[PDB]
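As structure tokens, the structure follows; a few thoughts come after it.
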Amino acid sequence: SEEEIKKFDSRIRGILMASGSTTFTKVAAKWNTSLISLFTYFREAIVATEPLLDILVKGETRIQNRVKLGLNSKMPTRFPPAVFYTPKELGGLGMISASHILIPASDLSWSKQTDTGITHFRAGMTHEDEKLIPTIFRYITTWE
Amino acid sequence: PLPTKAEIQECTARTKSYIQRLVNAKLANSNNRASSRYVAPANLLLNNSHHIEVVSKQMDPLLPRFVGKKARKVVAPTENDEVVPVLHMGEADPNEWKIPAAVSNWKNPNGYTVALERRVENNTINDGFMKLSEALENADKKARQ
Amino acid sequence: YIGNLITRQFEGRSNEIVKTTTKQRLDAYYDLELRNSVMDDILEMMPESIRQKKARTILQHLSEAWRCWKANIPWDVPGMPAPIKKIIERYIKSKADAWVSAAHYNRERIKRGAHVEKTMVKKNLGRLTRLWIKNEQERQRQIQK
Amino acid sequence: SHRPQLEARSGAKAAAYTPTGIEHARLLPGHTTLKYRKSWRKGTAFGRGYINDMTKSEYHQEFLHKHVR
Amino acid sequence: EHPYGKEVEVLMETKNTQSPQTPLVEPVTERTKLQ
Amino acid sequence: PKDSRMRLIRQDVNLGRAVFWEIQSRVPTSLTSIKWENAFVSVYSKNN
Amino acid sequence: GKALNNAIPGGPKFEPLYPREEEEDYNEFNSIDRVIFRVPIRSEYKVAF
Amino acid sequence: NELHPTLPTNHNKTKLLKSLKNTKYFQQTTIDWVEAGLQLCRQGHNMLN
Amino acid sequence: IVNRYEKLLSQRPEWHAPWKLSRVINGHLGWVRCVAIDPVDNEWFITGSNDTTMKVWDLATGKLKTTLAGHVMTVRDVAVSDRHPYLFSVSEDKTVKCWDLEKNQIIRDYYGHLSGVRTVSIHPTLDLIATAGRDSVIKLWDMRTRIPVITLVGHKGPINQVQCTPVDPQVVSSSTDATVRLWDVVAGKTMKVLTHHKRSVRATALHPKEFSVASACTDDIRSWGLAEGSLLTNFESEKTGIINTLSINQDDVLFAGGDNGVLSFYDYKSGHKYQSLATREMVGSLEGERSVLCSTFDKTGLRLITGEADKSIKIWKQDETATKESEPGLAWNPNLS
RNA sequence: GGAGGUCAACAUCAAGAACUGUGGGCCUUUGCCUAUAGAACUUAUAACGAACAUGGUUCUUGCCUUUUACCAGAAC
């Protein structure tokens, strides 16, 4: 439901605003702790909901953007996804990324009527060279 | 009488001209070389005795224009000759208009100390209560019986 | 750009330089003109001349009245001319609605999350909680009367 | 030294001064041109505006009934 | 209301008639351009 | 979406309101307050 | 292409220019029940006529 | 560039150089480009210093 | 001197008609601090306000045409051109902003006051705005090039109110140091002072015919003739003040708004005060919030528009029954001022 | 007298699809009707430049601790 959507986005707005300069791994660790709570409570449902996936992509981009400006840069070439996703041990932030995906985009007009079913995807986040990244939702068994 | 016609078209004239001289100055002062687009022998000295001509000298456009201009600060004598007689037209009133002295729980800007009481209902209940508690009471004792 | 830099290297910076109201320095201004515009009225209810000390001290009554209004203190000054007290209540109502009105407007700027600054958030939580409590105590009192 | 002002600055004090000649931006020419005008249902136990103010308004009490919650 | 009572139209106003863009003063082009 | 949703048909619309209204009654406004705005109501019949 | 917020496939993309399309009544006129889907209506039509 | 003209300024007609080359203080000649490149480096430099 | 008093028991002035309350328009969220009405079509107010909007109302119906927002702090004043299709409004954030009506947008920002600006007026034949406020000087803005051509130096205090007129004395202004100057522009200096009033001079107006100017004061409302800077009359007014405003008319009615919440109408010629009115304050208001912060008369002379600290406009109508039938007011016993 | 100039000054260049002069008749100078003469330059997938930059103000967004500096659409 939309209430709990805007709560989620409320939260992430909260990490961002509420951190004076919190270093990095603290930020990321807050990210994980939040998101995991969400994907963990609503397991199945998140599949269906467009705007939530939208918010995921945004939010996560926004956090990485934090660590980035933490230096000075948005430049994408400086921060290949290794930097953000290698586990703490190897010296990365270890943030657990389920932004990526590809996001079902089908023809809004009718999707205000029929439920037209997925015909297309819109690239959620990106890379430069790609590889891919595994996403949480796939490691959590669904409620049913 | 409100003042005619070929009067207001005079005062209007001599003013409007005077303003155009002002504006045209201040445009042709400054440094937009392109604000200027928006717009005499003059000495008989002594009796003119020697005649004269008054010739502006073209600058060197690089050098500052207005060699003497600057931003300084002056104070002026407000000097006048004439006076302006100001000509206008404590018993019951000081009752009314006496104002106490401020003593504020919050600020104490000098540190002053003050007798506390400068720092520091009538109605009863509504019988809504009386009825409430006694009704609860009655139903109560009915029930217990 | 450079044209300026060099007229300032010759002719010095300007002394007056007014400035403008703006985002940051707003309230101070709003305040400042409010106070001035009490001091007219209260200077003209007084019979004659007596001003300076009477004035300042009456403004101290202003602030004290406001910060009472916030804390919801009923604020009765022991003895003081009725009309004056009228004026203070009039204004402080005005400032009150400036405040509450801005509290709504901003909250509904945050709920969208559209470029509200940092402190603006924390502040606006202040203005809210205050307002919420006032509603509270009201609701109780009327639950008495 | 924080003091409530008692005054304001006469424009005249300014007026005596000599100019500068700095050029602002907002003074650059714009709009050079003027314009002139010409059965079951019985079972249960229960048997058959604008107020000049704010905090007493109906809106405001809705609002505070949402947000501060 | 009765505060004034009878002659007095007490009318509270919000929104707009004359939607914002609408010119509030008519412009004047004397000639009729058909082009 | 419109299809998946509940369609508005005078009969069912008026079941919804009907029921809700009945239950508006059963509790006095002294304890609580139950506003339409808060409720939602869903019906199941031939059309929906 | 701009003014309608469309994109010729090889074309330059721009901003909406009339951004609020999202306001809509729930209104029967152009509904699905009452329309025939026979040929899809690609963009280039919408830019062509 | 094509959707939004500018529509230039009759009266621009008073160029800088025309105004400048009219005075006592400027003079005119010819000279190899590269050279004038260099003179402009000396110039620009002495100014900023 | 008794001569003077015998004469005043003769002329026995000019019967005028009562007034009453036709309409109340709410809709602002602050105090309502100025009103100004079309010099042409009389279809519309424009109303200053303390929430910094400026709403344009419709004269006949009372509906709301539009809102012109676009100021940060409260708007003190408005004026509408005759010749030009413009609207200058001025506020306390120190800014005098032209408007243009045809599009309903701002156009030119005049600039340079040191501090808040309480009054504008629009000279009739020259294309000049005049403005002034707490700085204590009156600037004369040229309109198209935005330069403040001339600055009238002057009083020793905030300037409450400025008026423009076509011949000499061109600009006339009154100021909390209790004068009223009569200005000669080009000369650049004062042509005359009228010192009588006793404390701040808070309002003025120009007789739309007679070529003279009513100057209020706190509690005593004089008139003055221009050209000479005479005295002319002295309106019989006990202390009803504080006078926020005056409005003269085409029929020689005079209006004066009190802050005690009392409308006080006069004859102009005389001084005779022929009606008073408590202005029913409002629904939930606070007795202090009955007051009157502005006034003006439409172009016909028959309708009155005022704002009031209780966030509302009221429009007053001139009741036609009148004549003498049982009209008469307070009945003319001129007293020793 | 002819040709030229990386010479100068003074005019004019965006509109009822559109310029100017003159004669005759009417209202009473404007203006209207009619007659007549000449019309460089610029225009119909519309325009002085088969080219293409910046700034201001006012709004909507995007960066998002704040101001310069900015993101991309619109109006003037």
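In the structure tokens, each chain is lettered A, B, ... as it comes, each chain's residues begin at 1, and ligands are numbered from 1 in order of appearance.
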Once you count only C-alpha atoms, what closest atom pair and distance in Å to one decimal does each residue of chain G within 12 Å of chain A have, with rows by chain and rising residue number, as JSON lines?
```
{"residue": "G:21", "atom": "CA", "partner": "A:109", "partner_atom": "CA", "distance": 10.7}
{"residue": "G:22", "atom": "CA", "partner": "A:109", "partner_atom": "CA", "distance": 10.0}
{"residue": "G:24", "atom": "CA", "partner": "A:112", "partner_atom": "CA", "distance": 10.6}
{"residue": "G:25", "atom": "CA", "partner": "A:112", "partner_atom": "CA", "distance": 11.5}
{"residue": "G:26", "atom": "CA", "partner": "A:112", "partner_atom": "CA", "distance": 9.7}
{"residue": "G:27", "atom": "CA", "partner": "A:113", "partner_atom": "CA", "distance": 11.6}
{"residue": "G:28", "atom": "CA", "partner": "A:113", "partner_atom": "CA", "distance": 11.6}
{"residue": "G:30", "atom": "CA", "partner": "A:110", "partner_atom": "CA", "distance": 11.0}
{"residue": "G:31", "atom": "CA", "partner": "A:113", "partner_atom": "CA", "distance": 8.7}
{"residue": "G:32", "atom": "CA", "partner": "A:113", "partner_atom": "CA", "distance": 8.2}
{"residue": "G:33", "atom": "CA", "partner": "A:113", "partner_atom": "CA", "distance": 10.5}
```
Long-range neighbours of residue 35 in chain D as a compact mmCIF listing (two decimals) with N, CA, C and O atoms, in the first residue's frame, 12 Å cut-off, only C-alpha atoms (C1' of nucleotides), 5 positions minimum in chain:
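This is the output file out22.txt:
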```txt
# COMPACT_ATOMS: atom_id res chain seq x y z
N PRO E 27 -6.00 43.82 -24.22
CA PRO E 27 -5.02 44.48 -25.07
C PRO E 27 -5.71 45.19 -26.22
O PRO E 27 -6.90 44.95 -26.46
N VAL E 28 -5.00 46.05 -26.94
CA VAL E 28 -5.59 46.72 -28.10
C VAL E 28 -4.72 46.59 -29.34
O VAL E 28 -3.61 47.13 -29.38
N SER I 81 -2.36 52.99 -12.81
CA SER I 81 -2.09 54.09 -13.67
C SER I 81 -3.37 54.42 -14.33
O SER I 81 -4.21 53.55 -14.47
N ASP I 82 -3.46 55.65 -14.80
CA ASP I 82 -4.52 56.02 -15.75
C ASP I 82 -4.05 55.83 -17.16
O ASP I 82 -4.67 55.11 -17.92
N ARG I 83 -2.95 56.48 -17.50
CA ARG I 83 -2.46 56.49 -18.85
C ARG I 83 -1.95 55.15 -19.34
O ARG I 83 -2.11 54.78 -20.49
N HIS I 84 -1.32 54.43 -18.45
CA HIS I 84 -0.56 53.32 -18.85
C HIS I 84 -1.35 52.23 -18.38
O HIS I 84 -2.10 52.35 -17.47
N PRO I 85 -1.13 51.11 -18.93
CA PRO I 85 -1.88 50.00 -18.38
C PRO I 85 -1.15 49.30 -17.21
O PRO I 85 -1.17 48.06 -17.16
N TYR I 86 -0.52 50.05 -16.28
CA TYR I 86 0.42 49.45 -15.30
C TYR I 86 -0.17 49.38 -13.95
O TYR I 86 -1.25 49.86 -13.74
N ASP I 100 2.43 44.56 -14.95
CA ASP I 100 1.81 44.88 -16.18
C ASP I 100 0.61 44.05 -16.15
O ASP I 100 0.68 42.91 -15.76
N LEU I 101 -0.49 44.66 -16.54
CA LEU I 101 -1.74 44.03 -16.41
C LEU I 101 -2.01 43.11 -17.52
O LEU I 101 -2.34 41.94 -17.30
N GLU I 102 -1.81 43.60 -18.72
CA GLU I 102 -2.16 42.79 -19.88
C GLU I 102 -1.76 41.33 -19.73
O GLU I 102 -2.48 40.46 -20.16
N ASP I 127 4.73 60.54 -16.36
CA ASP I 127 5.32 59.20 -16.31
C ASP I 127 6.36 59.09 -15.23
O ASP I 127 7.48 58.79 -15.54
N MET I 143 10.15 56.18 -14.92
CA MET I 143 9.46 54.95 -15.04
C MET I 143 10.13 54.03 -15.97
O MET I 143 10.26 52.92 -15.62
N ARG I 144 10.52 54.44 -17.16
CA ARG I 144 11.05 53.45 -18.05
C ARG I 144 12.49 53.10 -17.79
O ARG I 144 12.87 51.98 -18.00
```
Exercise. Specify as a VMD selection string all residues of chain B found within 12 Å of chain D, counting only C-alpha atoms.
Key: chain B and resid 26 to 39 64 to 66 68 to 78 109 to 110
Self-check item: Distance in Å - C1' of residue 58 in chain J versus CA of residue 30 in chain D
Solution: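 Distance reported for this atom pair: 14.0 Å.
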Can you check which parts of chain I lie within 8 Å of chain C? Per residue, the shortest pair of atoms and distance in Å to one decimal, counting only C-alpha atoms, sorted by chain and number, as CSV.
```
residue,atom,partner,partner_atom,distance
I:30,CA,C:94,CA,7.2
I:31,CA,C:94,CA,7.7
I:51,CA,C:98,CA,7.4
I:73,CA,C:30,CA,7.2
I:93,CA,C:21,CA,5.7
I:94,CA,C:20,CA,7.1
I:112,CA,C:18,CA,6.9
I:113,CA,C:18,CA,7.3
I:114,CA,C:18,CA,5.5
I:116,CA,C:33,CA,7.7
I:199,CA,C:44,CA,7.3
I:200,CA,C:44,CA,7.8
I:218,CA,C:44,CA,7.4
I:242,CA,C:44,CA,7.6
I:286,CA,C:90,CA,7.5
I:287,CA,C:86,CA,7.8
I:288,CA,C:86,CA,5.3
I:289,CA,C:90,CA,6.0
```
Saved selection, atoms kept: C-alpha atoms, as a compact mmCIF listing (two decimals), in the first residue's frame:
```
# COMPACT_ATOMS: atom_id res chain seq x y z
CA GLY I 30 -4.11 38.83 6.93
CA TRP I 31 -4.96 42.41 7.60
CA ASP I 51 -0.12 37.77 3.71
CA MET I 73 6.68 40.54 3.13
CA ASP I 93 10.73 44.29 1.84
CA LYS I 94 12.00 47.44 0.36
CA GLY I 112 17.36 51.69 -3.86
CA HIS I 113 15.37 52.31 -0.73
CA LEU I 114 17.14 51.54 2.47
CA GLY I 116 10.62 49.55 4.12
CA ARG I 199 1.76 64.36 16.37
CA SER I 200 2.13 62.11 13.44
CA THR I 218 -4.25 61.99 15.04
CA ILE I 242 -6.47 57.52 15.63
CA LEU I 286 -10.93 40.30 19.09
CA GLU I 287 -12.36 43.67 20.02
CA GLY I 288 -9.04 45.23 19.12
CA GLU I 289 -9.45 43.85 15.59
```
Pull out every residue of chain H that has at least one atom within 9 Å of chain J, counting only C-alpha atoms (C1' of nucleotides), and report them as a PDB file with C-alpha atoms, in the first residue's frame.
```
ATOM      1  CA  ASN H   1      18.664  26.782 -32.059  1.00  0.00           C
ATOM      2  CA  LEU H   7      16.285  38.713 -33.940  1.00  0.00           C
ATOM      3  CA  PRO H   8      19.097  41.168 -33.776  1.00  0.00           C
ATOM      4  CA  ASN H  10      19.235  47.219 -35.319  1.00  0.00           C
TER       5      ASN H  10
END
```
Do me a favour and pick out the residues of chain I within 8 Å of chain J, using only C-alpha atoms (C1' of nucleotides), as a compact mmCIF listing (two decimals) with N, CA and C atoms, in the first residue's frame.
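After the write, selection29.txt holds the following:
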```
# COMPACT_ATOMS: atom_id res chain seq x y z
N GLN I 105 1.90 40.04 -14.92
CA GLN I 105 3.24 39.69 -14.46
C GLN I 105 3.96 40.92 -14.08
N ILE I 106 5.08 40.72 -13.44
CA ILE I 106 5.89 41.79 -13.04
C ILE I 106 6.73 42.24 -14.16
N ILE I 107 7.22 43.45 -14.08
CA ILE I 107 7.97 43.94 -15.15
C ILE I 107 9.22 44.60 -14.74
```
Using only C-alpha atoms, what does the table of chain F residues within 12 Å of chain G look like, with each row giving the shortest atom pair and its distance in Å to one decimal, sorted by chain and ascending number, as CSV?
```
residue,atom,partner,partner_atom,distance
F:1,CA,G:26,CA,10.8
F:2,CA,G:26,CA,8.5
F:3,CA,G:32,CA,10.2
F:7,CA,G:26,CA,11.2
F:8,CA,G:26,CA,11.4
```
Save the residues we just selected, C-alpha atoms, as a PDB file, in the first residue's frame?
```pdb
ATOM      1  CA  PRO F   1      -6.822  -0.379 -12.418  1.00  0.00           C
ATOM      2  CA  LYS F   2     -10.512   0.215 -13.385  1.00  0.00           C
ATOM      3  CA  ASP F   3     -11.058  -3.374 -14.352  1.00  0.00           C
ATOM      4  CA  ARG F   7     -17.027  -0.942 -10.346  1.00  0.00           C
ATOM      5  CA  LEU F   8     -19.707   1.475  -9.252  1.00  0.00           C
TER       6      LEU F   8
END
```
Surrounding residues of range 116-130 of chain C excluding itself and chain neighbours under 5 positions, 9 Å, only C-alpha atoms (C1' of nucleotides), as a PDB file with N, CA, C and O atoms (P, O5', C5', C4', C3', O3' and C1' of nucleotides), in the first residue's frame:
```
ATOM      1  N   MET A  17      19.272  13.164   5.146  1.00  0.00           N
ATOM      2  CA  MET A  17      19.238  14.441   5.915  1.00  0.00           C
ATOM      3  C   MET A  17      20.019  14.330   7.216  1.00  0.00           C
ATOM      4  O   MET A  17      20.871  15.143   7.525  1.00  0.00           O
ATOM      5  N   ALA A  18      19.764  13.271   7.939  1.00  0.00           N
ATOM      6  CA  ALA A  18      20.122  13.247   9.334  1.00  0.00           C
ATOM      7  C   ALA A  18      21.601  12.941   9.612  1.00  0.00           C
ATOM      8  O   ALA A  18      22.012  12.848  10.773  1.00  0.00           O
TER       9      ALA A  18
ATOM     10  N   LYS C  70       3.141  31.812  22.865  1.00  0.00           N
ATOM     11  CA  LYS C  70       3.627  30.551  22.422  1.00  0.00           C
ATOM     12  C   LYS C  70       3.337  29.596  23.542  1.00  0.00           C
ATOM     13  O   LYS C  70       2.515  28.721  23.407  1.00  0.00           O
ATOM     14  N   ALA C  71       3.948  29.801  24.682  1.00  0.00           N
ATOM     15  CA  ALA C  71       3.816  28.835  25.736  1.00  0.00           C
ATOM     16  C   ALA C  71       2.369  28.624  26.218  1.00  0.00           C
ATOM     17  O   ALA C  71       2.141  27.818  27.135  1.00  0.00           O
ATOM     18  N   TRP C  99       2.701  33.062  11.724  1.00  0.00           N
ATOM     19  CA  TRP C  99       3.459  31.864  12.159  1.00  0.00           C
ATOM     20  C   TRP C  99       2.684  30.605  11.745  1.00  0.00           C
ATOM     21  O   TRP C  99       3.132  29.813  10.957  1.00  0.00           O
ATOM     22  N   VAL C 100       1.492  30.405  12.297  1.00  0.00           N
ATOM     23  CA  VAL C 100       0.761  29.221  12.003  1.00  0.00           C
ATOM     24  C   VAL C 100       0.641  29.038  10.510  1.00  0.00           C
ATOM     25  O   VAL C 100       0.831  27.927   9.965  1.00  0.00           O
ATOM     26  N   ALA C 102       2.598  29.933   8.078  1.00  0.00           N
ATOM     27  CA  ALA C 102       3.841  29.424   7.539  1.00  0.00           C
ATOM     28  C   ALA C 102       4.064  27.957   7.953  1.00  0.00           C
ATOM     29  O   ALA C 102       4.641  27.222   7.214  1.00  0.00           O
ATOM     30  N   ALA C 103       3.612  27.564   9.130  1.00  0.00           N
ATOM     31  CA  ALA C 103       3.793  26.189   9.550  1.00  0.00           C
ATOM     32  C   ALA C 103       3.036  25.239   8.656  1.00  0.00           C
ATOM     33  O   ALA C 103       3.550  24.189   8.260  1.00  0.00           O
ATOM     34  N   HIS C 104       1.822  25.613   8.277  1.00  0.00           N
ATOM     35  CA  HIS C 104       1.099  24.748   7.338  1.00  0.00           C
ATOM     36  C   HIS C 104       1.892  24.729   6.026  1.00  0.00           C
ATOM     37  O   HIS C 104       2.402  23.695   5.598  1.00  0.00           O
ATOM     38  N   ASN C 106       4.835  25.244   5.039  1.00  0.00           N
ATOM     39  CA  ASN C 106       6.058  24.444   4.991  1.00  0.00           C
ATOM     40  C   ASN C 106       5.818  22.973   5.185  1.00  0.00           C
ATOM     41  O   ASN C 106       6.364  22.159   4.467  1.00  0.00           O
ATOM     42  N   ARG C 107       4.934  22.589   6.067  1.00  0.00           N
ATOM     43  CA  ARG C 107       4.749  21.154   6.249  1.00  0.00           C
ATOM     44  C   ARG C 107       4.329  20.541   4.957  1.00  0.00           C
ATOM     45  O   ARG C 107       4.696  19.406   4.658  1.00  0.00           O
ATOM     46  N   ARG C 109       5.125  21.525   2.149  1.00  0.00           N
ATOM     47  CA  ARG C 109       6.248  21.495   1.254  1.00  0.00           C
ATOM     48  C   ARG C 109       7.129  20.273   1.530  1.00  0.00           C
ATOM     49  O   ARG C 109       7.619  19.639   0.612  1.00  0.00           O
ATOM     50  N   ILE C 110       7.344  19.943   2.786  1.00  0.00           N
ATOM     51  CA  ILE C 110       8.081  18.752   3.120  1.00  0.00           C
ATOM     52  C   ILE C 110       7.342  17.501   2.709  1.00  0.00           C
ATOM     53  O   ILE C 110       7.964  16.597   2.192  1.00  0.00           O
ATOM     54  N   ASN C 135      -3.817  22.846  20.779  1.00  0.00           N
ATOM     55  CA  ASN C 135      -5.059  22.103  20.550  1.00  0.00           C
ATOM     56  C   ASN C 135      -5.399  21.209  21.654  1.00  0.00           C
ATOM     57  O   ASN C 135      -6.576  21.107  22.011  1.00  0.00           O
TER      58      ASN C 135
ATOM     59  N   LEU D  64      -3.856  19.463  12.028  1.00  0.00           N
ATOM     60  CA  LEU D  64      -3.286  18.893  13.265  1.00  0.00           C
ATOM     61  C   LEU D  64      -3.822  17.574  13.636  1.00  0.00           C
ATOM     62  O   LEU D  64      -3.240  16.895  14.468  1.00  0.00           O
ATOM     63  N   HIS D  67      -1.209  15.381  10.875  1.00  0.00           N
ATOM     64  CA  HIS D  67       0.243  15.344  10.796  1.00  0.00           C
ATOM     65  C   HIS D  67       0.874  15.050  12.126  1.00  0.00           C
ATOM     66  O   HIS D  67       1.597  14.075  12.278  1.00  0.00           O
ATOM     67  N   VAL D  68       0.590  15.885  13.109  1.00  0.00           N
ATOM     68  CA  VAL D  68       1.176  15.667  14.406  1.00  0.00           C
ATOM     69  C   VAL D  68       0.615  14.400  15.009  1.00  0.00           C
ATOM     70  O   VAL D  68       1.299  13.725  15.764  1.00  0.00           O
TER      71      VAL D  68
ATOM     72  P     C J  64      21.646  14.564  -5.230  1.00  0.00           P
ATOM     73  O5'   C J  64      21.493  15.812  -4.260  1.00  0.00           O
ATOM     74  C5'   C J  64      22.559  16.734  -4.086  1.00  0.00           C
ATOM     75  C4'   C J  64      22.194  17.833  -3.122  1.00  0.00           C
ATOM     76  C3'   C J  64      21.670  17.362  -1.768  1.00  0.00           C
ATOM     77  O3'   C J  64      22.103  18.255  -0.754  1.00  0.00           O
ATOM     78  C1'   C J  64      20.048  18.712  -2.798  1.00  0.00           C
ATOM     79  P     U J  65      23.038  17.729   0.433  1.00  0.00           P
ATOM     80  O5'   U J  65      22.806  18.790   1.590  1.00  0.00           O
ATOM     81  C5'   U J  65      21.509  19.033   2.105  1.00  0.00           C
ATOM     82  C4'   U J  65      21.510  20.181   3.073  1.00  0.00           C
ATOM     83  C3'   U J  65      21.759  21.560   2.474  1.00  0.00           C
ATOM     84  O3'   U J  65      20.584  22.146   1.951  1.00  0.00           O
ATOM     85  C1'   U J  65      23.196  21.247   4.305  1.00  0.00           C
ATOM     86  P     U J  66      20.617  22.912   0.544  1.00  0.00           P
ATOM     87  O5'   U J  66      21.181  24.354   0.901  1.00  0.00           O
ATOM     88  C5'   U J  66      20.424  25.262   1.683  1.00  0.00           C
ATOM     89  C4'   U J  66      21.181  26.536   1.941  1.00  0.00           C
ATOM     90  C3'   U J  66      21.691  27.269   0.708  1.00  0.00           C
ATOM     91  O3'   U J  66      20.711  28.098   0.115  1.00  0.00           O
ATOM     92  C1'   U J  66      23.455  27.029   2.240  1.00  0.00           C
TER      93        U J  66
END
```
Quiz item: Per DSSP on the backbone, what are the alpha helix (DSSP H) residues of range 5-118 of chain B, as a PyMOL selection string?
Solution: chain B and resi 8-29+93-97
